[PDB]
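Just the one chain here, laid out as structure tokens, in the form deposited in one PDB entry.
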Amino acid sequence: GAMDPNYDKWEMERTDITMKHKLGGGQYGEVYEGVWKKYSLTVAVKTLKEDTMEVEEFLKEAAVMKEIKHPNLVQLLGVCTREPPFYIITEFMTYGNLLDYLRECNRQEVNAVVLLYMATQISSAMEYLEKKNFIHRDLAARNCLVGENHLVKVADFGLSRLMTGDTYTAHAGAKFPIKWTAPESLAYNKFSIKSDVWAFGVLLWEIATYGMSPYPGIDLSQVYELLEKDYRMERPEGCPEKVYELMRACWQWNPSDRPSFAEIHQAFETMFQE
């Protein structure tokens, strides 16, 4: 509605999108595969009709997505927050989440140099968020998406609500991904760009291991104590020593010592010969 107070270019007609069925990928809740009829365009449509403490948090999500734009950040297309069944319309990434992809991929195709390119793309998205003073809070393979040509977008699916298993452990109603969470976020509940950097190093290990769970075989209860004793994950099989040295950088105990995504990104840019 144009000539009306509080205009919004992101507001679209719910009528313009057909909803197929829920996106399968371990179910993201009320998130459907859609088609924007006019444009013959497949989209992802996050809805809401089961939560109601969410409603207000559903619209904070929408607002946040309006303020961010990067080629490696999942792209908002439109919202429907005018009438009851609210939509958040996003581009559709052909190959679902980055965790399953790495786990199910052909490794001849997703060869050494693809894995690095996927990593360079994420650091790019995060250098952007960093530039923007945006704290992501849940950087993990499960929150990334894979398009055509090994294209990786960083996203956020609200998975501490979805969780069925041992990835998000209960922590005062707040659910935490312990094995991705930095020590300061664990002990003192302080999140910042530098706590995203720590998560990044874990995600880099997820990528190099083709989607293996962090700290294999060790239980959650003893993760922090180990880190306190300066125990980090060891170099994955086949991983460059310069990629690993960067992992260890992100995993520095002191947050002020961890690289910026600026300097992580340039490291990937520099490394990008061959």
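Start at 1 with the first residue shown and count on from there. In this text, rigid core is short for the largest set of C-alphas that superpose within 1.5 Å between two forms.
Of the other entries compared for this protein that flank it with modelled residues, all give atoms for residue 255, so not even a third lack it. In all of the other compared structures of this protein with flanking residues present, residue 47 is modelled, so it falls below the one-third mark for missing coordinates. Per-stretch averaging of Cα B factors for 36-44 and 22-30 places 22-30 on top. Two stretches are in play, 48-56 and 233-241, and the higher mean C-alpha B-factor belongs to 48-56.
When the C-alpha B-factors of 82, 179, 150, 190 are read from the PDB record, the largest value belongs to 82.
Annotation for 96, 201, 173, 183: 173 ranks highest, by Cα B-factor.
The deposited CA B-factor of residue 71 belongs to the lowest third of values across its chain. Sort the chain's modelled residues by C-alpha temperature factor and residue 167 lands in the highest third, per the entry. Per the deposited record, the Cα B-factor of residue 226 falls in the middle third when ranked against the other modelled residues of its chain.
Ranked by C-alpha B-factor against the other modelled residues of its chain, residue 159 falls in the highest third. Per the deposited record, the Cα B-factor of residue 208 falls in the lowest third when ranked against the other modelled residues of its chain.
The next section is about a form of this same protein that is not shown, the form deposited with a small molecule bound.
At least one heavy atom of residue 115 is located within 4.5 Å of the small molecule in the entry with it bound. The small molecule is not drawn, but in the entry with it bound it has no heavy atom within 4.5 Å of residue 215.
Put simply, residue 243 is close to the small molecule in the entry with it bound: some heavy atom of it is within 4.5 Å. Heavy atoms of residue 230 never reach within 4.5 Å of the small molecule in the entry with it bound, leaving it off the interface. With the core held fixed, the Cα of residue 238 is displaced between the shown form and the other one by less than 2 Å. Relative to this conformation, a decrease of 3 Å or more in the Cα-Cα distance between residue 32 and residue 26 is found in the entry with it bound. Between residue 25 and residue 203, the C-alpha separation grows by 3 Å or more in the entry with it bound, relative to the conformation displayed.
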